[PDB]
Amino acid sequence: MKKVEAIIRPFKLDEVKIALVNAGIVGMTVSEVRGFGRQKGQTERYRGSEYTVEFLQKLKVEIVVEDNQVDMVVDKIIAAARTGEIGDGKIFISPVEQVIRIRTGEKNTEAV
């Protein structure tokens, strides 16, 4: 099993969620994060003064899936989350050695 971790623009949440649910991926965890990278914030104005948001709001969506679901989940996330502009985000794949469902004590494939 693998953890799929996608850093996306927050407004893309609904699209990504629909895409995953449609692909039979029915559970996911979402965290708020700030991204720093090539995409810059617009040097804005508040009380008539300059400043820049340096760490931009993103969401991290985490799903644990079977090894043979990674490419499919990746493809779905990419199509739902992309805009073509810098700042679209990244997907990271890492190993998950065990999953346990807290309610039952069920493990692995039976816990997700």
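In this text, residue numbers run from 1 along the sequence as written.
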So 2-10 or 103-111, which one's hotter by mean CA B-factor in the entry? 103-111
With B-factors read from the PDB entry, the higher C-alpha mean of 18-26 and 91-99 is in 18-26
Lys76's Cα B-factor: lowest, middle or highest third of the chain? middle
Place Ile86 in the lowest, middle or highest third of its chain's C-alpha B-factors, as listed in the PDB entry. highest
Splitting the chain's C-alpha B-factors into thirds, which one does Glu44 fall into? highest
How does the C-alpha B factor of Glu54 compare with the rest of the chain: lowest, middle or highest third? middle
